[PDB]
Amino acid sequence: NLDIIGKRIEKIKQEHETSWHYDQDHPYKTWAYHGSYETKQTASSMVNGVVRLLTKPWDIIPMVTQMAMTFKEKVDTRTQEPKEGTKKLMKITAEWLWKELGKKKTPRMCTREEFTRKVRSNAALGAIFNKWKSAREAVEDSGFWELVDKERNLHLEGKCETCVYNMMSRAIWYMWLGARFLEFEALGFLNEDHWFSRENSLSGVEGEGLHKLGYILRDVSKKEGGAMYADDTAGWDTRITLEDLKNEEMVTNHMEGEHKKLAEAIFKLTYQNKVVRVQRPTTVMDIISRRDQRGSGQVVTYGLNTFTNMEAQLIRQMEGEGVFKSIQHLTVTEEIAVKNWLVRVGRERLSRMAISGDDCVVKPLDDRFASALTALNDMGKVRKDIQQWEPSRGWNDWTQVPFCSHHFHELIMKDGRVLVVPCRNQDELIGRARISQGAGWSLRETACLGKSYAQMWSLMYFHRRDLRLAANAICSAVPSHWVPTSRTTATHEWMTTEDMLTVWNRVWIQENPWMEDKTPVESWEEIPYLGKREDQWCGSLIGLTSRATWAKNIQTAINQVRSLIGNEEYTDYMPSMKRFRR
Ligand SMILES: [Zn+2]
Ligand SMILES: [Zn+2]
């Protein structure tokens with residue numbers, strides 16, 4: 273409590289000494305409330323015209339058009365301390381899982397240099413603008432790093448001054479770039495050295511890519527066992543207990559020297575004790594604090610979510626297999642039984658899951674898992690849109706399992722070779738491509754964002770007839786040599806000016822471990838589509854009059870965009886498709 277946070281508070285209080293007030297109509301119950309001061313400010319989504327002009331049939335689909343217009357009463361909730369038996373299961377599993385993850389990995393500090401290259405090539409690090420404009424500026428200024436060093440030495444001293452969260471089913475807690483650096487220094491290794499790669503963690507998929515997830519779900523399916531379960535948790539970040547944060551901090555037991563001390567500091571001082579500033583239109590800045598829930602960098606968050614989720618799902622598999630009887634109290638024999646489970650079969654049970662942060666697919670030993678709910682509910686990982694004690698409905702077919710907002714089709718090429726391709730509702734794909742994040746975009750930048758989406762569609766979604774044609778139209782309407790961009794950069802192999810058929814061959818054939826025959830594909834017509842009815846089920850406008858007119862007259866849509874952009878060097882990609890090939 274207040275000895276660890278007070279300094280952070282007293283510093284904010286003093287810089288707004290002409291405003292401080294302990295407001296009495298403060299809405300916080302679950303958050304500790306310390307005071308307020310005067311502010312007045314707010317970034318809305320804009321339409322990408324290049325994409326919208328080349329997807330005219332979708333101008334009248336409400337699912338598309340609505341995406342472009344525009355619970356914080358769930359962040360003010362409170363999870364209960366689990367039973368002692370749950371806490372024992374979680375401590376033992378956490379200990380065993382960090383050992384497994386750390387067997388072929390060395391924890392290590394990340395560097396000012398690594399961090400500098402990160403900012404200088406636009407990764408979303410969720411920092412704030417103040418004393419410098421962008422993050423790009425502060426990184427080259429030696430004064431910044433002096434501020435970092437002050438705080439850094441403070442952290443080694445066991446205190447904190449400037450590591451304060453700014454609030455904004472999503473809620474994004476920004477810190478000043480300096481505190482983001484110190485978080486990255488201590489915990490960046492988890493991401494940077496692929497601790498949750500599938501090879502290293504068995505359950506994880508970090509850096510796998512949308513073209514591998516399908517093959518991974520299919521490999522899980524090949525194991526003997528029950529249905530595939532894919533239960534979403536209701537507001538996962540808000541359900542992270544103090545006990546979860548303490549089990550995550552056990553990664554520091556694998557560390558040493560400066561590192562161990564810095565990592566420990568981040569966990570003690572930013573994670574297990576938070577200070578947050580929130581806007582309130584009643588517009589004042591409220592300085593509230595709490596011990597529990599998730600609030601890290603989007604990227605460390607990803608890794609710790611994956612870690613804790615892996616942990617919960619192993620424990621739920623234990624409950625399914627009757628490794629323990631009650632969560633109220635774990636007997637001494639029930640400890641050794643859990644320990645012996647983890648030693649004997651824990652790696653086999655990890656290979657039964659695909660886990661991406663708060664998202665999971667589990668194929669347990671059998672369907673007893675479906676109603677194994679006591680540990681899962683008592684850890685506070687309460688399932689979304691299902692009664693708390695109602696059993697999980699599993700999937701019989703790996704091609705229906707939802708994972709990372711996708712489903713996966715099995716698709717056989719005219720030469721017999723098998724593609725496992727990602728898919729989702731086409732209204733979702735087209736509606737996202739039509740949105741741009743930020744203001745002050747030139748025509749050229751807007752066109753280059755359009756091209757990023759088109760090249761993604763050609764790489765991941767080539768099997769959808771509307772997306773292949775729209776992607777060819779966008780890549781025909783944007784100058785051939787202009788480089789794809791994106792303002793918050799999975800594997801992203803569409804971010805290139807290389808020939809897209811050459812990237813397709815590298816990703817789907819050459820580098821694809823599930824493809825035994827490495828015969829390159831020579832043109833786009835070798836590359837198959839979903840069945841026509843499958844395509845319509847997944848949202849295709851194939852068969853509609855609007856779409857046939859769009860398809861027939863596409864060269865006129867391409868020319869409209871060409872005319873707006875101007876006299877540049879353009880390539881016609883529409884002859885890559887049979888119907889436009891004369
Ligand atoms: Zn700090
Ligand atoms: Zn589909």
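Throughout the sequence shown, residue numbering follows the deposited numbering, covering 273 to 314, 317 to 344, 355 to 413, 417 to 455, 471 to 584, 588 to 794, 799 to 891 in sequence.
Positions of the beta carbon are idealized from the N, C-alpha and C atoms, including for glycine.
Problem - Sufficient close CB pairs (3 or more, under 8 Å) joining the segment 704-712 to the segment 664-673 - result: yes
Problem - Test item: CB-CB of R688 and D539 under 8 Å - result: no
Exercise for the section: May I ask you to list the residues that DSSP assigns as paired with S741? Expected result: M320
Practice task
Could you tell me if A677 is buried or exposed, where buried requires 16 or more neighbouring beta carbons within 10 angstroms of its beta carbon?
Solution key: buried
Problem - Pick from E379, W478 and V435 that is closest to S421, judged by C-alpha positions - result: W478
Handout entry: Distance cut-off 7 Å: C728 Cβ against heavy atoms of ligand 2
Key = yes
Practice task
Could you tell me which residues DSSP pairs with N453 in its beta bridges?
Solution key: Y476 and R579
Problem - Complete alpha helix (DSSP H) runs within the segment 488-531 (minimum length 4 residues, chain order) - result: 491-494, 500-503 and 512-523
Problem - Given 8 Å, three or more beta-carbon pairs between the segment 777-790 and the segment 870-889 - result: yes
Handout entry: Heavy atoms of ligand 1 versus C-beta positions, residues under 7 Å
Key = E438, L441, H442, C447, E448, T449, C450, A481, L484, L571 and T572
Practice task
Return the chain-ordered ranges of every alpha helix (DSSP H) run that is complete within the segment 619-669 and spans a minimum of 4 residues.
Solution key: 637-655
Problem - C-beta atoms of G278 and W292 nearer than 8 Å - result: no
Exercise for the section: Could you tell me if the beta carbon of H712 falls within a distance shorter than 7 Å of some heavy atom in ligand 2? Expected result: yes
Handout entry: Distance between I836 and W700 (C-alpha atoms, nearest Å)
Key = 29 Å
Practice task
Look at the alpha carbon of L655 and the alpha carbon of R280, and state the distance between them as a whole number of angstroms.
Solution key: 41 Å
Problem - For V426, the three-state DSSP class (helix, strand or coil) - result: coil
Handout entry: Residues that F708 bridges to, as DSSP identifies them
Key = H711
Exercise for the section: Could you tell me if the beta carbon of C709 falls within a distance shorter than 7 Å of some heavy atom in ligand 2? Expected result: no
Handout entry: Stretch-stretch touch, CB-based, cutoff 8 Å, three pairs: the segment 715-726 with the segment 745-757
Key = no
Exercise for the section: Kindly examine ligand 2 and report whether one of its heavy atoms sits closer than 7 Å to the Cβ of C394. Expected result: no
Problem - Rounded distance between the beta-carbons of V578 and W475, thought under 8 Å - result: 7 Å
Problem - Bounding residues of the alpha helix (DSSP H) (the contiguous stretch that carries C728) - result: Where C728 is concerned, there is no enclosing alpha helix (DSSP H), although the beta strand (DSSP E) it sits in stretches over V723 to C728.
Exercise for the section: Return the first residue and the last residue of the alpha helix (DSSP H) that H561 is part of. Expected result: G559 to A567
Practice task
State buried or exposed for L635, treating a residue as buried only when at least 16 other CB atoms are found within 10 Å of its CB.
Solution key: buried
Problem - Cα-Cα separation between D671 and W823, rounded to whole angstroms - result: 27 Å
Problem - Buried or exposed (CB count within 10 angstroms, at least 16 for buried), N555 - result: exposed
Practice task
For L850, name the three-state secondary structure that DSSP assigns.
Solution key: coil
Exercise for the section: Please classify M615: does DSSP put it in a helix, a strand, or coil? Expected result: helix
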